[PDB]
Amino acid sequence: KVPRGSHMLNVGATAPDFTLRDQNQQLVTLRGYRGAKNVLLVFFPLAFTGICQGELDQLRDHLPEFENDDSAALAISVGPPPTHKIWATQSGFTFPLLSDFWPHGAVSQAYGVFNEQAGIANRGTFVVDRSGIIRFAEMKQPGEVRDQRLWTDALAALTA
């Protein structure tokens, strides 16, 4: 992985590939979706707190729109699997929460959405198409929340 810190990757770029453990210790690889599904990557700072409890709840509340024959959704944070597992159980999250745990924030850094001062990923979101190219990219600033409707719009255009 080539660290970018917080210089967010924008549309047109090859999405950095990765292999991370989900909350149930299963390995998930980004390139495995190529040629099959568009992938929504939802980076978040920390389990149990802040604006992302609301943002992942948005993902949860409209999950059929993000996990279906054409699309997949993966949430990514620096926490380890035990942490994500407990949080997901208390939150009703059934989608994958991946651990960008050790090396710490390496994937977040590669996408340019890592807060080097706090050691947590910023609230960045990407849609990766079937060719492995980024087709939607955003990084919400503190004080503003993301909108799952924009995520579904972006995904709909890669099936339309």
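Counting begins at 1, following the sequence as shown.
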Regarding 92 to 100 and 64 to 72, which shows the higher C-alpha temperature factor on average in the entry? 64 to 72
For the stretches 46 to 54 and 131 to 139, which has the higher mean C-alpha B-factor as given in the deposited record? 46 to 54
Between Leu59, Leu30, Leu40, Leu27, which one tops the list for Cα B-factor in this entry? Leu27
Would you check the entry's CA temperature factor for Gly105 and let me know if it's in the chain's lowest, middle or highest third? middle
Looking at the temperature factor on the CA atom of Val113, which third of the chain's modelled residues does it land in? lowest
Against its chain's modelled residues, does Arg21's Cα B factor rank lowest, middle or highest third? middle
What third of its chain's C-alpha B-factors does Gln148 belong to: lowest, middle or highest? middle
